[PDB]
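Chemist: Chains from the complex, first installment, not repositioned:
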Amino acid sequence: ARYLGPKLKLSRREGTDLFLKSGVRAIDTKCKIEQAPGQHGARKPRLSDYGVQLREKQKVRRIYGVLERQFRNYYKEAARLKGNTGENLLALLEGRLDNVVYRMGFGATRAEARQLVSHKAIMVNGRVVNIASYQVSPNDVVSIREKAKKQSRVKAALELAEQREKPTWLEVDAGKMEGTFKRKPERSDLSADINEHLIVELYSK
Amino acid sequence: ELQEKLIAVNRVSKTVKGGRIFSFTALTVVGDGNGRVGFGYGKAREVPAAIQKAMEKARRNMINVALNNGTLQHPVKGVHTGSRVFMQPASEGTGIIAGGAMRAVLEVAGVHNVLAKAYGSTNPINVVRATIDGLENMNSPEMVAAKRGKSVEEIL
Amino acid sequence: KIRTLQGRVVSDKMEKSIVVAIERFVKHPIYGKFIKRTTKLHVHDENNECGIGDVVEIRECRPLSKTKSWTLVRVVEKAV
């Protein structure tokens, strides 16, 4: 129930950055960033209205690695809630446990953040949480437990967090390798390449 | 800043003694993201050529539409040539809910959160003429305060 | 005070029994039109005293007969 294929192949499909590797080696030095994979990947078609709504939703899933049914459950939850549904939807996406570990930069990629939660190396409010898709409540702490603090892939990811923009809604520590979920973020606190007014309409045919 | 969307690519024909003269026709709409929008139906002997005539029609002859913040102000229906089309404001953060040409014409109209439904003919020429007529006579609370000789709070 | 009803005296031929029809005036559950609907009842009169075509006032009572569980209380506008 995971994607296991080539990561940058998905980047070549959507054409934009998906942050799927550590960014140490330059991304364009690993793939033609503006050719879709395979034979007929150079020629850009007159892409239709249906496709760009699909490609937008296929972007956001492949941003966070979320399969369709479980992603649809987020849509059902966000539609049940109040206000802007896409802002509610992104909050659910930011509510993911394996997201915040990448947002705290403890794992270099989200998949490198996910394996840690899979291999039980995390403590949330002092409690180990095996589920990567767990929804993070506000004002909680996410601490590396002391079995796998000594992994070299932890502290090298901390430097990659220094390379990235530091998020705002995360009171993150370094010496204890812990953090604190301050508050929920905004639409504005995330990127602008994700349209609110498309992923709603795709699931509202 | 006037964003532009083609609507229809189409191939009609005249018939002469020699045969059939195919001619490509195109429907477009322009709009600024504010309450200014204009459609255009062009026609030529060529697909990338008739669209420019369709745009040039639409760049002229605009219409001024009283929007609300990100939506309509009150639900209303729209008709042109058997193409009865109902539309409706919605809550914030729900997107445009419409199909066909109506998705395009409201997006260049700069609304963001609507409810809409087409009845009868879904012919994209007359279905967008019905959208415009409903958006045209949709009027402000401020105008009907001035029309009725009152204020906003004398209406609420 | 008592749960009483009125209606139209339809039949008075059989002894110690009158047939009374009652208008219930009810909405249609779909179309919303208010319909005159008729509920007839076999009412035990005494004395066979009721004139035919009359407004009576009735009361639910203990079961008088096989088809009759209704007894009048009084009569308004007995004439034709």
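Modeler: Noted; the coordinates are in hand. Residues are numbered from 1 along each chain as shown, chains lettered A, B, ... in the order given.

Chemist: Residue B:144: neighbouring residues, count only.
Modeler: Residue B:144 has 13 neighbouring residues, counting by other Cβ atoms under 10 Å in any protein chain shown. The C-beta positions use only the backbone N, C-alpha and C, and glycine is treated the same way.

Chemist: I should have written residue B:141 there, sorry.
Modeler: Look at residue B:141: counted by other Cβ under 10 Å, it has 15 neighbours.

Chemist: now it, nearest residue through space, not along the chain?
Modeler: Excluding the flanking residues, the one nearest residue B:141 by Cβ to Cβ, 6 or more residues apart in numbering or on different chains is residue B:152, at 5.5 Å.

Chemist: likewise residue C:27?
Modeler: Per Cβ to Cβ, 6+ apart, closest to residue C:27 is residue C:34, 5.6 Å.

Chemist: Return the backbone torsion pair for the one you found.
Modeler: Here is the backbone geometry of residue C:34 (degrees, to the nearest 10): phi -90, psi 120.

Chemist: How about residue B:144?
Modeler: phi -70, psi -20.

Chemist: Can you tell me the element residue B:73 falls in?
Modeler: Here residue B:73, judged by DSSP states H and E, is contained in no helix and no strand.

Chemist: doesn't residue B:88 make contact with it?
Modeler: No - taking contacts as Cβ atoms under 8 Å, residue B:73 lies outside contact range of residue B:88: 10.6 Å.

Chemist: Tell me which residues are up against stretch B:140-153.
Modeler: B:66, B:73, B:139, B:154, B:155 (Cβ atoms under 8 Å, 6 or more residues apart in numbering or on different chains).

Chemist: and residue B:156, how many residues sit next to it?
Modeler: By other Cβ under 10 Å, the residues close to residue B:156 number 6.

Chemist: So it: helix, strand or coil?
Modeler: Secondary structure, DSSP: H, G, I helix; E, B strand; the rest coil: residue B:156 is coil.

Chemist: gap between it and chain A?
Modeler: Distance, residue B:156 to chain A, using Cβ to the nearest Cβ, to the nearest Å: 24 Å.

Chemist: ok, residue B:6 - contacts?
Modeler: Applying Cβ under 8 Å, 6+ apart to residue B:6 gives the contacts B:26, B:27, B:28, B:51, B:54.

Chemist: Figure out how far the helix or strand harbouring the last one is from the centre of its chain.
Modeler: This means residue B:54. Residue B:54 belongs to helix B:47-59 when assigned by DSSP H and E. Centre-to-centre, helix B:47-59 and its host chain are 16 Å apart (Cα atoms, centre = their mean, to the nearest Å).

Chemist: put chain D onto that model:
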Amino acid sequence: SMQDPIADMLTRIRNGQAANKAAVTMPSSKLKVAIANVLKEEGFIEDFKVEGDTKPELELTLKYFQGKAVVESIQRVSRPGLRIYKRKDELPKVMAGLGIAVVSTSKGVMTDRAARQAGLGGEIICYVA
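Modeler: Alright, chain D goes in next:
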């Protein structure tokens, strides 16, 4: 023939707007005045002039704005073949409340937004927008 004076009235209002007349007259009724004394108050007509002794005749003054009309819509909700009785919660909002709905309740004739503040429903006559 004559199945309603009210539907006669609203259509005579409706056809007078497009005819660009300044004065629409008709025989008057007690219920007709009770409606005509709302739309002046609500600002959809300018004047009504009830006159007539043997038979009262209501004469109206149509309100025109910027050349064109004011009455953008005028309807009938409770028709004589099908009556409408809605409670205080099911009172409508004509043109999202920008227009008005004439309701007759036990407290005479008023508008719906007054009837909501009166907190009591009744018979919805017509829609005026």
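
Chemist: now that chain D has been added, could you go back to the contacts of stretch B:140-153?
Modeler: With Cβ under 8 Å, 6+ apart, stretch B:140-153 has contacts from B:66, B:73, B:139, B:154-155, D:42-44, D:63, D:65-66, D:70, D:98.

Chemist: Check which residues of the host helix or strand of residue C:71 are buried.
Modeler: In this structure, residue C:71 sits in strand C:68-76 according to DSSP H and E. Residues C:68, C:70, C:72 are the ones in strand C:68-76 that count as buried (16 or more other Cβ atoms under 10 Å in any protein chain shown).

Chemist: Go through those residues and name the one nearest chain D.
Modeler: Of all the buried residues of strand C:68-76, chain D sits closest to residue C:70, with 31.4 Å by Cβ to the nearest Cβ.

Chemist: Might one say that that closest one is in contact with residue C:59?
Modeler: Yes - between residue C:70 and residue C:59 a contact is recorded at 7.3 Å, counting by Cβ under 8 Å.

Chemist: Which member of the buried residues of strand C:68-76 is positioned nearest residue A:126?
Modeler: Nearest to residue A:126 among the buried residues of strand C:68-76, counting by Cβ to Cβ, is residue C:70 at 77.3 Å.

Chemist: send the alpha carbons of stretch C:31-38 over as CSV?
Modeler: Extracted C-alpha coordinates of stretch C:31-38, given in CSV (Å, rounded to 0.1, in the frame of the first residue of the first chain):
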residue,chain,number,x,y,z
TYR,C,31,-49.5,18.5,-4.1
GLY,C,32,-50.4,20.6,-1.0
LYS,C,33,-54.1,21.1,-2.1
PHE,C,34,-56.6,21.0,0.7
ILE,C,35,-59.1,18.2,0.0
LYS,C,36,-62.5,17.6,1.4
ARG,C,37,-62.4,14.0,2.5
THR,C,38,-65.4,12.1,3.8
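
Chemist: what comes into contact with it?
Modeler: C:21, C:22, C:23, C:24, C:25, C:26, C:27, C:28, D:82, D:83.

Chemist: what's the spacing between the third one and chain D?
Modeler: So the one you mean is residue C:23. From residue C:23 across to chain D, the span is 17 Å (Cβ to the nearest Cβ).

Chemist: Looking at strand pairing, list the partners for that residue.
Modeler: residue C:38 (DSSP bridges).

Chemist: shouldn't it be in contact with residue C:40?
Modeler: No - contact criterion Cβ under 8 Å: residue C:23 and residue C:40 do not qualify, at 10.6 Å.

Chemist: Quick one: residues contacting the residue nearest the centre of chain D.
Modeler: Central residue of chain D (Cα atoms, centre = their mean): residue D:35, 5.0 Å from the mean position. Listed by Cβ under 8 Å, 6+ apart, the contact partners of residue D:35 are D:6, D:9, D:102, D:109, D:125, D:126.

Chemist: attach chain E to the model above:
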Amino acid sequence: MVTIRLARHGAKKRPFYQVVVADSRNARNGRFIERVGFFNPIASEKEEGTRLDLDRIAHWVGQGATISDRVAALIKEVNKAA
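Modeler: With chain E now in place:
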């Protein structure tokens, strides 16, 4: 006749009981009489485990109700704790 017994309403291996006024000839899915409270044997900490209207219960014992074994135990032990 009138009973007050424990009614299994929960998942497998994790029981939860609606201790209600019921009938001693009816069942657990089926007919109770009146819902007078609940009980969790997996009542953890920081949560109540037995919230019963202990006065309408006295109304029905006044009508001659029948009290079960744990129900007689737990109504005592509530009053032996509250």
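
Chemist: and the contacts of stretch B:140-153, now that chain E is part of it?
Modeler: Residues from elsewhere that reach stretch B:140-153 (Cβ under 8 Å, 6+ apart): B:66, B:73, B:139, B:154-155, D:42-44, D:63, D:65-66, D:70, D:98.

Chemist: can you redo those as a markdown table with secondary structure and distance to residue D:21?
Modeler: Converted to a markdown table, the contacts of stretch B:140-153 look like this (DSSP: H, G, I helix; E, B strand; the rest coil; distance: Cβ to Cβ, whole Å):
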| residue | secondary structure | distance to residue D:21 |
| --- | --- | --- |
| B:66 | coil | 29 |
| B:73 | coil | 30 |
| B:139 | coil | 23 |
| B:154 | coil | 27 |
| B:155 | coil | 26 |
| D:42 | helix | 20 |
| D:43 | coil | 19 |
| D:44 | coil | 15 |
| D:63 | coil | 12 |
| D:65 | strand | 15 |
| D:66 | coil | 17 |
| D:70 | coil | 13 |
| D:98 | coil | 25 |
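
Chemist: Most neighbours of all those, which one?
Modeler: For these, the largest number of neighbours (other Cβ under 10 Å) sits with residue D:44, at 23 neighbours.

Chemist: which residues does that one contact?
Modeler: Residues in contact with residue D:44 (Cβ under 8 Å, 6+ apart) are B:148, D:63, D:70, D:71, D:100, D:128.

Chemist: what about the closest residue to residue C:76 other than its chain neighbours, how many neighbours?
Modeler: Take residue C:76 and drop its neighbours on the chain: the residue closest to it by Cβ to Cβ, 6+ apart is residue C:55, 5.0 Å away. Counted with other Cβ under 10 Å, residues neighbouring residue C:55 total 13.

Chemist: Specify the beta-bridge partners of residue C:55.
Modeler: Taking DSSP bridges as the rule, residue C:55 bridges to residue C:8, residue C:76.

Chemist: Sticking with residue A:100, tell me its helix or strand.
Modeler: Short version, using DSSP H and E: residue A:100 is in helix A:97-103.

Chemist: Which other helices and strands does that helix contact?
Modeler: The helices and strands touching helix A:97-103, judged by 3 or more Cβ pairs under 8 Å, 6 or more residues apart in numbering or on different chains; DSSP states H and E, are helix A:85-94, helix A:110-118, strand A:122-124, strand A:142-144.

Chemist: mind listing what the last one pairs with, with the direction of each?
Modeler: Under the criterion DSSP bridges, strand A:142-144 sits next to strand A:122-124 (antiparallel) in its sheet.

Chemist: Need the three-state assignment for the residue minimising distance to the centre of chain C.
Modeler: Geometric centre of chain C, nearest residue: residue C:20, 3.2 Å, by Cα atoms, centre = their mean. Following three-state DSSP, we place residue C:20 in the strand state.
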